[PDB]
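Novice: Can you read through this structure? Questions will come right after.
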There are 2 protein chains.
Amino acid sequence: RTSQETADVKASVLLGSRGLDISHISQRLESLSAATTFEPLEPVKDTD
Amino acid sequence: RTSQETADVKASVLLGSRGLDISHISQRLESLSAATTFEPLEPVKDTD
């Protein structure tokens, strides 16, 4: 229905009228997909 | 320094916080690049 070629811009006109930035939230969601917090510390499936 | 993929978004957040839309100004600047007007009929000015 909507081309992605205009999406984040039109969403930012609509939601920026209410004080939201789509770009800082996307650039956070990029860091939230690069932040390797992980525990290689305990023994996978010791059991049965 | 800034990707154009987020430019009009970040500009609309910053200037929308001050009461400016960008979308209506861009659509005006498109009409101001399509408006072939000239009204070609000046009446004669000054006297030598």
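Chain labels run A, B, ... following the order of the structure tokens; each chain numbers its residues from 1, and ligands are numbered from 1 in the order shown.
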At a cut-off of 6 Å, which residues of chain A touch chain B? Count only C-alpha atoms and give the answer as a ChimeraX atom specification.
Specialist: /A:9,12,16
Novice: Chain B superposed on chain A over all ordered C-alpha pairs, least squares: can you write that as a short mmCIF file (atom, residue, chain, number, x, y, z; two decimals) with C-alpha atoms, in the first residue's frame?
Specialist:
```
data_model
loop_
_atom_site.label_atom_id
_atom_site.label_comp_id
_atom_site.auth_asym_id
_atom_site.auth_seq_id
_atom_site.Cartn_x
_atom_site.Cartn_y
_atom_site.Cartn_z
CA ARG B 1 1.94 3.20 -2.69
CA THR B 2 4.39 5.41 -0.67
CA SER B 3 7.89 6.38 -1.89
CA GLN B 4 10.66 5.60 0.65
CA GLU B 5 11.91 9.18 -0.16
CA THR B 6 9.12 10.39 2.26
CA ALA B 7 8.56 7.27 4.45
CA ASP B 8 10.49 7.91 7.72
CA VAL B 9 9.29 11.59 7.48
CA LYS B 10 5.53 10.74 7.33
CA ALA B 11 5.98 7.99 9.94
CA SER B 12 7.81 10.47 12.29
CA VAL B 13 4.93 13.00 11.87
CA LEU B 14 2.20 10.40 12.60
CA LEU B 15 3.99 8.60 15.49
CA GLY B 16 5.64 11.82 16.84
CA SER B 17 2.03 13.10 17.34
CA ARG B 18 1.85 10.12 19.82
CA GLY B 19 5.31 10.72 21.46
CA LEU B 20 7.57 8.36 19.39
CA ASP B 21 10.81 9.33 17.67
CA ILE B 22 11.96 7.03 14.80
CA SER B 23 15.59 8.31 14.56
CA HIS B 24 16.72 6.87 17.96
CA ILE B 25 14.88 3.57 17.24
CA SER B 26 16.61 3.24 13.80
CA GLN B 27 20.06 4.06 15.36
CA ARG B 28 19.28 1.41 18.04
CA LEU B 29 18.27 -1.09 15.30
CA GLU B 30 21.69 -0.39 13.66
CA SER B 31 23.45 -1.16 17.02
CA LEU B 32 21.14 -4.25 17.41
CA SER B 33 22.58 -5.33 13.97
CA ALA B 34 26.25 -4.67 15.04
CA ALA B 35 26.26 -6.00 18.69
CA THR B 36 28.26 -9.32 18.47
CA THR B 37 27.46 -10.39 22.12
CA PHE B 38 26.95 -13.96 23.52
CA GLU B 39 28.65 -13.99 27.06
CA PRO B 40 29.59 -17.70 26.33
CA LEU B 41 29.60 -19.42 29.83
CA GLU B 42 26.26 -21.11 30.93
CA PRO B 43 26.60 -23.12 34.23
CA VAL B 44 25.11 -26.69 34.11
CA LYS B 45 21.26 -26.80 34.50
CA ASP B 46 19.05 -29.73 35.81
CA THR B 47 20.09 -33.28 37.02
CA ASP B 48 19.89 -36.75 35.33
#
```
Novice: Once DSSP has gone over the backbone, tell me which residues of chain B are in helix (DSSP H, G or I), as a PyMOL selection string.
Specialist: chain B and resi 4-16+23-31
